[PDB]
Amino acid sequence: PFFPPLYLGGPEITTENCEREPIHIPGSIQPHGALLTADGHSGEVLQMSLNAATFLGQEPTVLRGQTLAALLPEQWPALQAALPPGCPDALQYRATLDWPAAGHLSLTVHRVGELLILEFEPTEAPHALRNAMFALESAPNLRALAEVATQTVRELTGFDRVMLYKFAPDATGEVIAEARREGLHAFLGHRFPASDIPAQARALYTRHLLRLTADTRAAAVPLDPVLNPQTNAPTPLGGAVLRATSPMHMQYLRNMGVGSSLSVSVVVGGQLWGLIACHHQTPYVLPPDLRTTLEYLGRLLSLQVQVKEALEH
Amino acid sequence: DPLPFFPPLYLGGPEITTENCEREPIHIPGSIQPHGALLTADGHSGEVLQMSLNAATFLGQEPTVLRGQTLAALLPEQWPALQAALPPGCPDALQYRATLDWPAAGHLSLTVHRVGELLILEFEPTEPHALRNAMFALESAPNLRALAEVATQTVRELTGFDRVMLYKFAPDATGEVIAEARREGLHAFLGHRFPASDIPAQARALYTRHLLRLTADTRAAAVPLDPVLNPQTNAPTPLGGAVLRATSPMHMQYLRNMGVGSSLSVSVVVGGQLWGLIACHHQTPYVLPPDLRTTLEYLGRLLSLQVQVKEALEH
Ligand SMILES: *C/C=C1/C(=C/c2[nH]c(/C=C3[NH+]=C(/C=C4\NC(=O)C(C=C)=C4C)C(C)=C\3CCC(=O)O)c(CCC(=O)O)c2C)NC(=O)[C@H]1C
Ligand SMILES: *C/C=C1/C(=C/c2[nH]c(/C=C3[NH+]=C(/C=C4\NC(=O)C(C=C)=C4C)C(C)=C\3CCC(=O)O)c(CCC(=O)O)c2C)NC(=O)[C@H]1C
């Protein structure tokens with residue numbers, strides 16, 4: 001099963017109970033964005049991140065009464081149609097708001113049962129993706145495909161290190177390709193125990209395909225209330241990219257000297273084949289539109305891995 | 001019966017009838033569609049060899065001036081990028097794309113690929129979260145039918161085409177329209193089947209490697225390359241990888257007879273075989289700009305993946 005989260009007086013995580021940390025329900029988010037939850041029917045704002053006032057520019061109480069209808073007039077009917085009752089928690093809808101306080105915000109919404117989860121992040125506003133797609137497809141074998149993928153991602157993102165991390169049948173991981181800035185350790189060829197990515201994190205990574213830590217020293221921002229009014233239970237945040245990263249894993253990143261971390265799941269035959277794993281030495285908020293490019297690349301790599309593995313077997 | 005290609009018309013080959021469909025050498029028509037321009041150049045020196053006859057009007061230069069310069073001089077910023085992206089021996093399927101600001105012609109999209117020692121350069125005029133939203137909707141579709149319906153509707157919304165169909169090949173290469181989105185008033189093609197010769201065997205092979213082709217105007221005359229043969233080889237210039245390549249006259253007559261002014265199709269490739277086609281029709285001529293066509297190319301790949309996934313959920 002899972003332990004209760006901390007804020008419901010559950011045990012603190014150690015290397016003895018790695019498998020039982022409820023990483024999906026931390027009750028908090030990373031501070032480079034803001035999150036609201038809301039009722040599926042009424043559009044009634046039920047929870048907000050204590051930092052919402054910053055991003056939205058709204059007097060705190062104003063929000064926690066109001067309706068999405070009021071708050072987001074153009075958007076609220078689109079949401080209603082895009083995310084019908086009963087849809088999967090994996091389905092997401094995005095829009096760009098030109099919002100008074102903040103030039104442009106990206107809005108990302110998904111639905112978990114009766115709750116809409118809304119994420120707001122700063123945003124903005126060429127051929128590198130098309131060029132990359134063809135490059136991946138003409139790679140002659142899996143090894144070269146891995147090399148092209150890591151190089152392409154590094155060029156698109158500027159990340160200090162990009163790896164392709166492949167899982168063995170026992171969930172033992174191996175760095176099979178790597179693109180990195182001059183003057184970093186090389187993790188190419190190294191293998192790592194399955195417990196570094198514990199079972200409950202691999203399962204969530206099979207369904208929700210991109211996650212990140214933007215700053216491995218930033219404090220999480222609580223949800224208020226912490227419990228969902230609807231249920232008097234924790235809000236599931238595993239489909240939210242703003243979801244606070246497990247401190248156990250933030251500690252693992254700080255000990256490596258990493259300030260910023262992102263990965264994309266590569267999913268083949270319904271199973272987690274590997275990760276595009278990215279490191280930055282300093283804090284780094286990759287903007288939403290560039291993340292989208294990596295999300296596309298994730299799908300394309302999933303296709304090409306199967307194609308390429310089929311021409312060996 | 002499968003038989004080798006006839007020589008093209010310009011090398012004294014025969015004219016194509018219902019009898020000899022499968023032997024038309026559609027990859028080497030010696031000509032392009034008039035809404036863009038094409039140059040060929042030597043892959044090592046960058047000497048310009050062939051150009052479409054309309055090139056002066058896209059590029060704003062006399063032929064003899066174009067042909068008298070190397071790509072190093074014509075494309076000083078792109079020439080080194082081309083050479084890195086398209087190394088000798090690379091496959092003909094690999095494409096490099098850039099946007100140019102050309103004085104006379106505005107923003108041009110440049111698409112380049114390499115066939116042996118030849119570079120092929122295509123120039124076309126070029127111009128929010130719809131793709132991301134579509135990607136997730138496709139993935140959440142519960143079964144093959146719902147996927148097919150979401151895919152057709154999405155493509156129609158992105159493009160404004162009068163008809164978008166998902167055409168699926170059977171094992172005998174006959175095809176069936178298994179989903180479609182269509183303009184009000186058009187008659188349904190859903191559930192209809194069409195014989196294997198409708199898309200002959202040398203088109204199907206080409207459609208497994210080069211995943212998008214189009215006819216922007218089913219009545220437009222093709223524009224010859226000049227000279228027609230590659231001076232490197234005194235042989236035909238391979239245009240199978242060029243979206244500008246002229247469509248087979250057989251296929252154009254087939255489309256005009258259906259009342260179609262514009263056609264586009266994307267290949268859906270599963271396990272190395274052509275599974276089906278995203279096939280679009282417009283009643284009037286219609287040019288879809290290169291950046292919009294890129295969205296369809298990306299959806300072609302997504303759909304190939306999702307078709308595998310939906311079919312595996314099915315035994
Ligand atoms: C007591 C449990 C431990 C633990 C927990 C844990 N680990 C993750 C997720 C990841 N761990 C990763 C490990 C590596 N990163 C590398 O670069 C290498 C090798 C060079 C390894 C072995 C990775 C890549 C992830 C994925 C996330 C990312 O992209 O950074 C989680 C889940 C965190 C979350 O999503 O909130 C958890 C709870 N890790 C341990 O090492 C043990 C001590
Ligand atoms: C004697 C040969 C004939 C022939 C040739 C031919 N066909 C193609 C390619 C295509 N044919 C298509 C036919 C259809 N369009 C539809 O809407 C339906 C069903 C409702 C069918 C059966 C299609 C879709 C294609 C693909 C390209 C496209 O138009 O989007 C070629 C190759 C064309 C080229 O790349 O230059 C050729 C030579 N078709 C016949 O019917 C016989 C008489």
Side-chain angles (χ1 to χ4, degrees), chain B residues 8-9 15-16 18 21-22 24-38 52-54 58 109 111 120 122-126 152 155-156 158-167 175 177 180 182-183 186 189 194 197-200 202-225 237-268 274 276-297 299-300:
Chain B
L9 289 181
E15 93 173 358
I16 306 304
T18 339
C21 287
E22 73 286 12
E24 176 185 10
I26 67 187
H27 58 304
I28 48 168
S31 60
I32 64 156
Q33 299 181 47
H35 61 280
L38 191 145
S52 58
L53 278 190
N54 61 346
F58 271 84
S109 165
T111 309
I120 300 179
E122 299 178 84
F123 298 81
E124 264 186 73
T126 195
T152 56
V155 170
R156 182 154 193 265
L158 295 183
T159 61
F161 269 119
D162 288 334
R163 198 193 297 266
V164 180
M165 313 158 263
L166 193 61
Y167 191 77
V177 182
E180 82 186 347
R182 63 185 190 281
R183 180 167 180 172
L186 288 189
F189 279 148
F194 302 91
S197 65
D198 276 21
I199 315 153
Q202 91 278 26
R204 289 188 315 264
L206 184 61
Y207 291 2
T208 306
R209 192 179 177 65
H210 299 292
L211 307 183
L212 184 134
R213 74 297 309 182
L214 65 80
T215 309
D217 178 352
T218 47
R219 284 212 329 111
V223 182
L225 298 186
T237 301
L239 294 184
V243 177
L244 285 180
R245 160 179 74 71
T247 307
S248 160
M250 274 289 340
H251 183 55
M252 294 191 84
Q253 162 188 322
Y254 176 89
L255 290 169
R256 282 187 306 262
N257 292 341
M258 303 199 298
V260 180
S262 176
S263 231
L264 196 145
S265 63
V266 170
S267 298
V268 181
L274 189 53
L277 283 177
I278 298 168
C280 316
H281 288 163
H282 217 56
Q283 300 167 285
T284 89
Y286 194 41
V287 177
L288 209 68
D291 298 326
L292 184 51
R293 292 190 324 247
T294 298
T295 305
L296 298 186
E297 290 176 300
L299 279 170

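Every heavy atom of this structure was used, including side-chain atoms; hydrogens, water molecules and symmetry mates were not. Just so it is clear: chains get the letters A, B, ... in the order the sequence lines come, proteins before strands, and each one is counted from 1.
In this structure a side-chain-to-backbone donor-acceptor pair under 3.5 Å is present from B/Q33 to B/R245. Side-chain atoms of B/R183 never come within 3.5 Å of backbone atoms of B/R163 as a donor-acceptor pair (strictly under, hydrogens ignored). In terms of modelled atom types and a separation under 3.5 Å, the side chain of B/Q202 and the main chain of B/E24 share a donor-acceptor contact. With B/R256 contributing its side chain and B/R219 its backbone, the two residues share no donor-acceptor pair below 3.5 Å. In this structure, B/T126 contributes its side chain and B/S109 its backbone to no donor-acceptor pair below 3.5 Å.
To the nearest 0.5 Å, atom CG of residue B/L277 and atom OH of residue B/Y207 are 7.5 Å apart. Interatomic distance, CZ of B/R156 versus CE of B/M165, reported as 12.0 Å (0.5 Å rounding). Note that the CD1 atom of B/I199 and the OH atom of B/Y254 stand 8.0 Å from one another [nearest 0.5 Å]. For the atom pair CD (B/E22) and CD1 (B/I16), the distance works out to 9.5 Å, reported to the nearest 0.5 Å. In this structure, B/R293 CZ and B/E124 CD are separated by 4.0 Å, a value rounded to the nearest 0.5 Å. With rounding to the nearest 0.5 Å, the separation of CG in B/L212 from OG in B/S267 is 8.0 Å.
Of all heavy-atom pairs spanning B/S248 and B/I26, the tightest one is CB-CG2, 4.1 Å. Closest approach of B/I278 to B/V164, counting heavy atoms only: CG2-CG1, 4.1 Å. Annotation for B/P125 and B/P290: closest pair O-CD, 3.5 Å, computed over non-hydrogen atoms. Nearest heavy atoms, B/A279 versus B/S265: CA-CB, 4.0 Å. In terms of heavy atoms, B/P34 sits closest to B/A220 at CG-CB, 3.8 Å.
B/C280 has its side chain within reach of B/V155: a pair of non-hydrogen atoms, C-beta onward, lies under 4.5 Å apart. Contact of the B/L288 side chain with the B/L296 side chain is registered, since non-hydrogen atoms from C-beta on lie closer than 4.5 Å. Residues B/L299 and B/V266 are not in side-chain contact: their nearest non-hydrogen atoms beyond the backbone lie 4.5 Å or more apart. Side-chain atoms of B/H35 and B/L214, non-hydrogen and from C-beta on, do get closer than 4.5 Å to each other. Here the side chains of B/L239 and B/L38 are in contact, with some heavy-atom distance below 4.5 Å. B/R213 has its side chain out of reach of B/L206: every pair of non-hydrogen atoms, C-beta onward, lies at least 4.5 Å apart. Using a 4.5 Å heavy-atom cutoff, the side chains of B/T295 and B/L158 are in contact.
By the ring-ring contact (aromatic ring centres under 6.0 Å, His included) test, B/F58 is found to be paired with no residue, residues two or more places apart in sequence or in another chain being considered. For B/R182, the salt bridge (charged side-chain N to carboxylate O under 4.0 Å, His left out) partners two or more places apart in sequence, or in a different chain, are B/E180. In this structure B/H282 satisfies the ring-ring contact (aromatic ring centres under 6.0 Å, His included) test together with B/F161, B/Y286, sequence neighbours excluded.
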Exercise for review: Determine, step by step, whether B/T237 and B/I28 satisfy the side-chain contact (heavy atoms from CB on, under 4.5 Å) criterion, reporting the C-alpha distance in whole Å, the side-chain angles of both residues, the deciding distance to 0.1 Å, and the verdict.
Suggested key: CA-CA 6 Å; B/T237 301; B/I28 48 168; over 6 Å; no
Practice item. Using the side-chain contact (heavy atoms from CB on, under 4.5 Å) rule, take B/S52 and B/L225 through it: C-alpha gap first, then chi angles, then the decisive distance, then the call. Key: CA-CA 4 Å; B/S52 58; B/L225 298 186; 4.3 Å; yes
Exercise for review: Starting from the C-alpha separation in whole Å, work towards a yes-or-no answer on side-chain contact (heavy atoms from CB on, under 4.5 Å) for B/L255 and B/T247.
Suggested key: CA-CA 11 Å; B/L255 290 169; B/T247 307; 5.6 Å; no
Point to revise | Evaluation steps, side-chain contact (heavy atoms from CB on, under 4.5 Å), between B/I32 and B/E122 | key: CA-CA 10 Å; B/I32 64 156; B/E122 299 178 84; over 6 Å; no
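Taking the six-membered ring where the residue is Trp, B/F189 and B/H281 present perpendicular rings, their angle passing 60° and hence far from 30°.
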